[PDB]
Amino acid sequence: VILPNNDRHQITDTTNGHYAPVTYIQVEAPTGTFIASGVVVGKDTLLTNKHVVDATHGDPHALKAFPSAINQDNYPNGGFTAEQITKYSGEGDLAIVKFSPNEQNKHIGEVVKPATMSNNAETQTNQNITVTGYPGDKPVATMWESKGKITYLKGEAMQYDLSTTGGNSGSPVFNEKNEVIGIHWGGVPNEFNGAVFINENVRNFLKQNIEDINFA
């Protein structure tokens, strides 16, 4: 949601640095198109929210992903279709999505370099972070970086003061070292925005379900 701190920048060179794995998501249901975000973390895997996955109504083939999308109809790495979904067993709004290779027999985690996950051993309140993804109040399929600070940490929940809008669901949260520390889910009008914090419980869950995930 939009907050007093509305500090966002557009990323035009999406395949440079840590931006490559940031992904644009489109869930093409027969009732309409749901837009969201996510991040590639393995050869065939990506992370996003449970509510974005629920928009498929149980059919994974309805979920399409375009890594490093620059703008409408400008996808440098093309798109990929989902084949399997696994939801987190805890309360956190988190889900794992596995994709099948594309027409050129390429893997989503091969055309782009998977993101590095943080151990979160030094993460604390008041540190500067960024939430990067695809906000729905901007031109279709454009990547934007939002800047702010962590304001709350408890268990597997985290809150911050930066702005986001519908479309940002599933956007990765990066620390200064450019490692992923959490996954954005949404917020509460005029109060805050929050994400799933990748603590010990969540980390164990990911390692048990993703063979090649990389933790720093």
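The first residue of the sequence shown is number 1, and the count goes up from there.
| message | Quick check on the record: does 118-126 or 93-101 carry the larger mean Cα temperature factor? | response | For C-alpha atoms only, the mean B-factor is higher in 118-126.
| query | With respect to the recorded C-alpha B factors, which stretch has the higher mean value, 44-52 or 22-30? | reply | 22-30 has the higher mean C-alpha B-factor.
| query | Which is it among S163, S169, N190, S68: the one with the largest CA B-factor in the entry? | reply | Each of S163, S169, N190, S68 was compared by C-alpha B-factor; the highest is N190.
| query | In the PDB entry, which of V140, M143, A82, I108 has its C-alpha at the highest B-factor? | reply | Highest C-alpha B-factor among the listed options: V140.
| said: Test of reading the entry: by CA B factor among the chain's modelled residues, which third contains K177? | reply: Within its chain, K177 is a middle-third residue by C-alpha B-factor, going by the deposited values.
| query | Among the modelled residues of its chain, does the C-alpha B-factor of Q208 lie in the lowest, middle or highest third? | reply | Ranked within chain, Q208 CA B lands in the highest tercile.
| message | Quick check on the deposited entry: does the C-alpha B-factor of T14 sit in the lowest, middle or highest third of its chain? | response | Its C-alpha B-factor belongs to the middle third of this chain's values.
| Within-chain third of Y134 by Cα B-factor, per the entry | For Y134, the deposited C-alpha B-factor lands in the lowest third.
| message | Please say which third, lowest, middle or highest, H61 falls into when its CA temperature factor is compared across its chain. | response | For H61, the deposited C-alpha B-factor lands in the highest third.
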